[PDB]
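Next up: a single chain in structure tokens, the form deposited in one PDB entry.
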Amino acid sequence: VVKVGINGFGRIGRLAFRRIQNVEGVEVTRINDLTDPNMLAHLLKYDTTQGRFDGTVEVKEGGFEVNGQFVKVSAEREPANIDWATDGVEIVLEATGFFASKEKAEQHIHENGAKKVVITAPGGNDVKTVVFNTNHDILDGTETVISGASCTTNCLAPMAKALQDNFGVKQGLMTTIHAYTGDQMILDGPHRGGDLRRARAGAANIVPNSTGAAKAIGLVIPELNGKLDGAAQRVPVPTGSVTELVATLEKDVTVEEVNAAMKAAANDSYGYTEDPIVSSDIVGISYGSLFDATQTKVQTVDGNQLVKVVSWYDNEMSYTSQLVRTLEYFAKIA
């Protein structure tokens, strides 16, 4: 049983905690955030988009009990000052959004701190970046800091990989139509990151925004390095997203071939569907990516093809499911 610590008990932190309850041999013994146990316990119990917690939660001194079992809560602002080892913690899920680099994540690793760190976000080009079931084979267990990549990367990767392996990808442009997130303002106001679009009311607008997922795909699928770019449209749903990829391929294809190739690539991480679903239908799913064969296009004009492939993801639970798969596997080979 590997003992895990969560830094940043936010959307990803709390959902990771929920999934970990059904993973034998991984257990959370410590949570660090910037608030009291009552706030954190309440947010675990009740969840607007992901439903009521499946179990009991009872606030205690310095923490809370989940199904009888105590979990320590601290409010330490600096990772360097978190004494993870006190609670037996070997691996930290770094889920704050503020320490997503090798140098900053490593602050968790000190005397009486943690041994290893999994960043719940892109962590820079000097940190191994893992999409479970696409490139988790790059791990040997000696790594001190790893990255679970982004929500959009975990969605895009198996879809793009399948295209590459089957047909060959020349280039592609991606658009993600994406749920609003906590880095957007609830109402028009000064954005601390200087983004004039994330400054705007997130639940009342279509909001264009940048994403590096397509550009950084090379870190996950080397052979696609430099081939993909993209962007996002943030829209008023509180969770649930979809990724469209328009690509040129090395082989002529049909819609049926493309869909069949995706179905053949399906596994625990990459789902396949032919039902005409909408975003609420993918909230809480455990696939990292859910290919939607109903949205496939292959456009042939004067012998030239553009291919459109589309995959759903719950930017919350889909990512978290992938994250916990990567955490479990990493813990077992550490």
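For every residue, the number given is its place in the sequence shown, counted from 1. Rigid core here is just the name for the largest C-alpha set that superposes within 1.5 Å across the two forms.
One more form of this protein exists, namely the form deposited in another entry; it is left out here, but the text below deals with it.
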Core-superposed comparison between the shown form and the other one: the option from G113, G202, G240, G230 whose CA moves 2 angstroms or more: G113
Displaced residue check between the shown form and the other one: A80, CA, 2 Å or over, core reference: yes
Core fit, then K60 C-alpha moves 2 Å or more between the shown form and the other one: yes
Residue shift check between the shown form and the other one, rigid core fit, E27 Cα at least 2 Å: yes
Shift in CA distance, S74 and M185, in the other entry relative to the form shown here, given it is 3 Å or more: farther
